[PDB]
Amino acid sequence: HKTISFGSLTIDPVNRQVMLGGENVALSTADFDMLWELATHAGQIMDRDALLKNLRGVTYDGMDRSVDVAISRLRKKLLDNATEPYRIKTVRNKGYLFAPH
Amino acid sequence: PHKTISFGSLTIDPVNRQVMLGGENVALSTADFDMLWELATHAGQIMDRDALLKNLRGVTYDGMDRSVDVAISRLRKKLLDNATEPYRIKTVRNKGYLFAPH
DNA sequence: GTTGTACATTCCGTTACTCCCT
DNA sequence: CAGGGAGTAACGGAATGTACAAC
């Protein structure tokens, strides 16, 4: 009912469980809460300050790389090469974007 | 004629406080069936440590109090769940624990 | 059999580089 | 021939998992 899917990727907030085309991908608490955020605003550029607020929530001090680190850890577990990402795009000086297609 | 709650093969019978998985009776102590009961009646809903402790021992989460965590570990053990890849009981950092209805 | 301490293990924020891009 | 914005490896402090001690 509340489960929100994309392509072969299913994100279930009721059981806090995510599946990538049959296979069940193990995500930590941050991996999930971060992916959930992005997917909610799919195709929408989420800016760094906006991420920290919704997820921590603290103020972006203009110099904080935790979101970047969080993104990389997510990118690896989702099987998404950062060199040319299919799922989670980087947008220079804006933030990050979840790609539905 | 017994009123219970059920999630797949799992079955929780608050009448005689007997839980079954499948299957066969799972032995829980009193304080542990209580905590399982709290979680399961708020399935899909994150129960924080204060919420739990207010039932587990009827106190307020002060610490650093770890009585819930070990308790969560027994349930996971007793429900044939694996902590690193938990199906039925999820850990949510800084929040608490969660009974997953599926 | 019950319970939680005393370790055992994992998480994620910081740091510290690195290669980009401008 | 800066300057900075983004990737991630690694460190380590704190949040969580539990074998087994104390009951």
# chains A, B, ... in the order shown; residues from 1 in each chain; ligands from 1
>>> closest_atom_pairs(of="chain B", to="chain D", cutoff="8 Å", atoms="only C-alpha atoms (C1' of nucleotides)", output="tab-separated table")
residue	atom	partner	partner_atom	distance
B:69	CA	D:16	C1'	7.5
B:70	CA	D:18	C1'	7.0
B:73	CA	D:17	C1'	7.1
B:83	CA	D:17	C1'	7.6
B:93	CA	D:15	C1'	7.3
B:94	CA	D:15	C1'	7.5
>>> residues_around(residues="residue A:48", least_positions_apart="3", cutoff="8 Å", atoms="only C-alpha atoms (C1' of nucleotides)", output="PDB file with N, CA, C and O atoms, in the first residue's frame")
ATOM      1  N   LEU A  51      19.140  18.326   3.165  1.00  0.00           N
ATOM      2  CA  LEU A  51      19.370  16.948   3.584  1.00  0.00           C
ATOM      3  C   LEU A  51      19.655  16.840   5.079  1.00  0.00           C
ATOM      4  O   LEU A  51      19.045  16.035   5.773  1.00  0.00           O
ATOM      5  N   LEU A  52      20.587  17.652   5.567  1.00  0.00           N
ATOM      6  CA  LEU A  52      20.959  17.638   6.974  1.00  0.00           C
ATOM      7  C   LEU A  52      19.782  17.961   7.889  1.00  0.00           C
ATOM      8  O   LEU A  52      19.617  17.329   8.929  1.00  0.00           O
ATOM      9  N   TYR A  60      23.785  23.261   7.878  1.00  0.00           N
ATOM     10  CA  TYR A  60      24.916  23.190   6.960  1.00  0.00           C
ATOM     11  C   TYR A  60      25.819  24.406   7.176  1.00  0.00           C
ATOM     12  O   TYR A  60      25.413  25.535   6.918  1.00  0.00           O
ATOM     13  N   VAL A  67      27.203  14.437   4.128  1.00  0.00           N
ATOM     14  CA  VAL A  67      26.188  14.105   3.140  1.00  0.00           C
ATOM     15  C   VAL A  67      26.867  13.444   1.955  1.00  0.00           C
ATOM     16  O   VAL A  67      26.364  12.468   1.403  1.00  0.00           O
ATOM     17  N   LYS A  94      24.658  22.296  -6.377  1.00  0.00           N
ATOM     18  CA  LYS A  94      23.243  22.261  -6.034  1.00  0.00           C
ATOM     19  C   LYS A  94      22.980  21.211  -4.955  1.00  0.00           C
ATOM     20  O   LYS A  94      22.483  21.524  -3.873  1.00  0.00           O
ATOM     21  N   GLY A  95      23.330  19.965  -5.256  1.00  0.00           N
ATOM     22  CA  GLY A  95      23.132  18.869  -4.328  1.00  0.00           C
ATOM     23  C   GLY A  95      23.077  17.541  -5.055  1.00  0.00           C
ATOM     24  O   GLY A  95      23.843  17.311  -5.990  1.00  0.00           O
ATOM     25  N   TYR A  96      22.170  16.666  -4.626  1.00  0.00           N
ATOM     26  CA  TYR A  96      22.022  15.354  -5.242  1.00  0.00           C
ATOM     27  C   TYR A  96      20.586  15.116  -5.688  1.00  0.00           C
ATOM     28  O   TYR A  96      19.654  15.732  -5.170  1.00  0.00           O
TER      29      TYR A  96
END
>>> atom_distance(atom1="atom CA of residue A:63", atom2="atom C1' of residue C:14")
11.5 Å
>>> residues_around(residues="stretch 81-83 of chain A", least_positions_apart="5", cutoff="12 Å", atoms="only C-alpha atoms (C1' of nucleotides)", output="mmCIF file with C-alpha atoms (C1' of nucleotides), in the first residue's frame")
data_model
loop_
_atom_site.group_PDB
_atom_site.id
_atom_site.type_symbol
_atom_site.label_atom_id
_atom_site.label_comp_id
_atom_site.auth_asym_id
_atom_site.auth_seq_id
_atom_site.Cartn_x
_atom_site.Cartn_y
_atom_site.Cartn_z
ATOM 1 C CA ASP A 68 28.785 13.429 0.463
ATOM 2 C CA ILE A 71 25.921 9.418 -0.638
ATOM 3 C CA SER A 72 28.985 7.355 -1.556
ATOM 4 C CA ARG A 73 28.141 4.643 1.002
ATOM 5 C CA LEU A 74 24.644 4.552 -0.491
ATOM 6 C CA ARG A 75 25.935 4.536 -4.077
ATOM 7 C CA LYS A 76 28.046 1.440 -3.329
ATOM 8 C CA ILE A 88 21.720 8.931 -7.771
ATOM 9 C CA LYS A 89 23.088 11.903 -9.672
ATOM 10 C CA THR A 90 25.358 14.666 -8.443
ATOM 11 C CA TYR A 96 22.022 15.354 -5.242
ATOM 12 C "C1'" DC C 19 41.093 13.747 -9.000
ATOM 13 C "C1'" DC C 20 38.016 16.537 -11.184
ATOM 14 C "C1'" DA D 6 33.045 16.421 -5.111
ATOM 15 C "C1'" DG D 7 34.652 10.972 -4.198
ATOM 16 C "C1'" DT D 8 35.944 7.767 -0.735
#
>>> interface_residues(of="chain C", to="chain A", cutoff="12 Å", atoms="only C-alpha atoms (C1' of nucleotides)", output="PyMOL selection string")
chain C and resi 10-16+19-22
>>> write_last_selection(atoms="C-alpha atoms (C1' of nucleotides)", output="short mmCIF file (atom, residue, chain, number, x, y, z; two decimals), in the first residue's frame")
data_model
loop_
_atom_site.label_atom_id
_atom_site.label_comp_id
_atom_site.auth_asym_id
_atom_site.auth_seq_id
_atom_site.Cartn_x
_atom_site.Cartn_y
_atom_site.Cartn_z
"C1'" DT C 10 29.02 -2.02 13.77
"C1'" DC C 11 27.68 2.63 12.47
"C1'" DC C 12 28.52 7.15 10.46
"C1'" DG C 13 30.83 11.89 11.25
"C1'" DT C 14 35.34 13.67 10.72
"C1'" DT C 15 39.42 13.95 8.49
"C1'" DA C 16 42.41 13.75 4.62
"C1'" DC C 19 41.09 13.75 -9.00
"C1'" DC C 20 38.02 16.54 -11.18
"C1'" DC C 21 36.04 21.18 -13.04
"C1'" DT C 22 36.16 26.07 -13.66
#
>>> atom_distance(atom1="atom CA of residue B:48", atom2="atom CA of residue B:97")
6.4 Å
>>> interface_residues(of="chain B", to="chain C", cutoff="8 Å", atoms="only C-alpha atoms (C1' of nucleotides)", output="ChimeraX atom specification")
/B:29,66-67,70
>>> closest_residue(among="B:44, B:98, B:89, B:72", to="chain A", atoms="only C-alpha atoms")
B:44
>>> interface_residues(of="chain B", to="chain A", cutoff="12 Å", atoms="only C-alpha atoms", output="ChimeraX atom specification")
/B:42-46,83-102
>>> write_last_selection(atoms="N, CA, C and O atoms", output="short mmCIF file (atom, residue, chain, number, x, y, z; two decimals), in the first residue's frame")
data_model
loop_
_atom_site.label_atom_id
_atom_site.label_comp_id
_atom_site.auth_asym_id
_atom_site.auth_seq_id
_atom_site.Cartn_x
_atom_site.Cartn_y
_atom_site.Cartn_z
N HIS B 42 2.09 -2.60 18.05
CA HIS B 42 2.41 -1.36 17.35
C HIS B 42 3.32 -1.70 16.18
O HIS B 42 4.35 -1.07 15.99
N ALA B 43 2.94 -2.72 15.42
CA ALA B 43 3.74 -3.15 14.28
C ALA B 43 3.83 -2.03 13.24
O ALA B 43 2.94 -1.19 13.15
N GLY B 44 4.92 -2.03 12.48
CA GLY B 44 5.15 -1.01 11.46
C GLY B 44 5.36 0.36 12.06
O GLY B 44 5.38 1.36 11.34
N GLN B 45 5.52 0.41 13.38
CA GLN B 45 5.61 1.65 14.12
C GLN B 45 6.82 1.59 15.05
O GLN B 45 6.96 0.65 15.84
N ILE B 46 7.70 2.59 14.95
CA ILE B 46 8.93 2.60 15.73
C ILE B 46 8.65 2.88 17.20
O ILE B 46 8.09 3.91 17.55
N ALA B 83 20.37 -10.78 13.65
CA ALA B 83 20.55 -9.36 13.96
C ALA B 83 21.07 -8.51 12.79
O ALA B 83 20.55 -7.42 12.54
N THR B 84 22.09 -9.00 12.10
CA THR B 84 22.70 -8.25 10.99
C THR B 84 21.78 -8.18 9.77
O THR B 84 21.85 -7.23 8.99
N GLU B 85 20.91 -9.17 9.62
CA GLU B 85 19.95 -9.18 8.53
C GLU B 85 18.54 -9.48 9.04
O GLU B 85 17.93 -10.47 8.64
N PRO B 86 18.02 -8.61 9.92
CA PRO B 86 16.78 -8.92 10.65
C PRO B 86 15.54 -8.78 9.78
O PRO B 86 15.36 -7.78 9.11
N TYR B 87 14.69 -9.80 9.81
CA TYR B 87 13.47 -9.80 9.03
C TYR B 87 12.31 -9.17 9.79
O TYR B 87 11.61 -8.31 9.27
N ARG B 88 12.13 -9.60 11.04
CA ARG B 88 10.92 -9.24 11.77
C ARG B 88 11.09 -8.08 12.75
O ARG B 88 10.15 -7.33 12.99
N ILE B 89 12.29 -7.92 13.30
CA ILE B 89 12.55 -6.86 14.27
C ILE B 89 13.72 -5.98 13.85
O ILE B 89 14.87 -6.41 13.91
N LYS B 90 13.42 -4.75 13.44
CA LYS B 90 14.44 -3.84 12.89
C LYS B 90 14.98 -2.84 13.91
O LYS B 90 14.22 -2.25 14.68
N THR B 91 16.29 -2.63 13.88
CA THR B 91 16.92 -1.59 14.70
C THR B 91 17.00 -0.28 13.93
O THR B 91 17.52 -0.23 12.81
N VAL B 92 16.51 0.78 14.54
CA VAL B 92 16.57 2.10 13.94
C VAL B 92 17.44 3.00 14.82
O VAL B 92 17.05 3.34 15.93
N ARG B 93 18.61 3.36 14.32
CA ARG B 93 19.58 4.12 15.09
C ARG B 93 19.00 5.35 15.77
O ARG B 93 18.28 6.13 15.15
N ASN B 94 19.30 5.47 17.06
CA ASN B 94 18.89 6.61 17.87
C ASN B 94 17.38 6.70 18.13
O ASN B 94 16.93 7.47 18.98
N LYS B 95 16.60 5.90 17.42
CA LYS B 95 15.15 5.95 17.56
C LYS B 95 14.67 4.88 18.52
O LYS B 95 14.18 5.18 19.61
N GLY B 96 14.82 3.62 18.11
CA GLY B 96 14.41 2.50 18.94
C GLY B 96 14.39 1.21 18.16
O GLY B 96 15.33 0.92 17.42
N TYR B 97 13.33 0.42 18.34
CA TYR B 97 13.15 -0.82 17.60
C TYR B 97 11.78 -0.90 16.95
O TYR B 97 10.87 -0.15 17.30
N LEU B 98 11.64 -1.83 16.02
CA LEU B 98 10.48 -1.87 15.15
C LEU B 98 10.11 -3.30 14.81
O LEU B 98 10.95 -4.08 14.38
N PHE B 99 8.83 -3.63 15.00
CA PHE B 99 8.31 -4.91 14.58
C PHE B 99 7.83 -4.79 13.13
O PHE B 99 6.96 -3.97 12.83
N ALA B 100 8.40 -5.59 12.24
CA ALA B 100 8.00 -5.56 10.84
C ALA B 100 6.94 -6.61 10.56
O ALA B 100 7.22 -7.81 10.58
N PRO B 101 5.71 -6.16 10.28
CA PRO B 101 4.55 -7.02 10.00
C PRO B 101 4.79 -7.98 8.82
O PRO B 101 4.09 -8.99 8.71
N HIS B 102 5.74 -7.66 7.96
CA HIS B 102 6.12 -8.55 6.87
C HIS B 102 7.63 -8.68 6.77
O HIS B 102 8.24 -8.35 5.74
#
>>> residues_around(residues="residue A:6", least_positions_apart="5", cutoff="9 Å", atoms="only C-alpha atoms (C1' of nucleotides)", output="compact mmCIF listing (two decimals) with C-alpha atoms, in the first residue's frame")
# COMPACT_ATOMS: atom_id res chain seq x y z
CA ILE A 11 11.31 0.81 -0.97
CA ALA A 39 13.01 8.90 -3.54
CA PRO A 100 13.43 7.59 -11.50
CA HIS A 101 14.48 7.05 -15.14
>>> select_by_dssp(residues="chain B", states="strand (DSSP E or B)", output="list in words")
residues 5, 6, 7, 10, 11, 12, 13, 18, 19, 20, 21, 24, 25, 26, 47, 48, 89, 90, 91, 92, 96, 97, 98 and 99 of chain B
>>> atom_distance(atom1="atom CA of residue B:36", atom2="atom CA of residue B:60")
18.4 Å
>>> select_by_dssp(residues="stretch 4-56 of chain A", states="alpha helix (DSSP H)", output="ChimeraX atom specification")
/A:29-40,48-55
>>> closest_residue(among="A:87, A:62, A:98, A:31", to="chain D", atoms="only C-alpha atoms (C1' of nucleotides)")
A:62
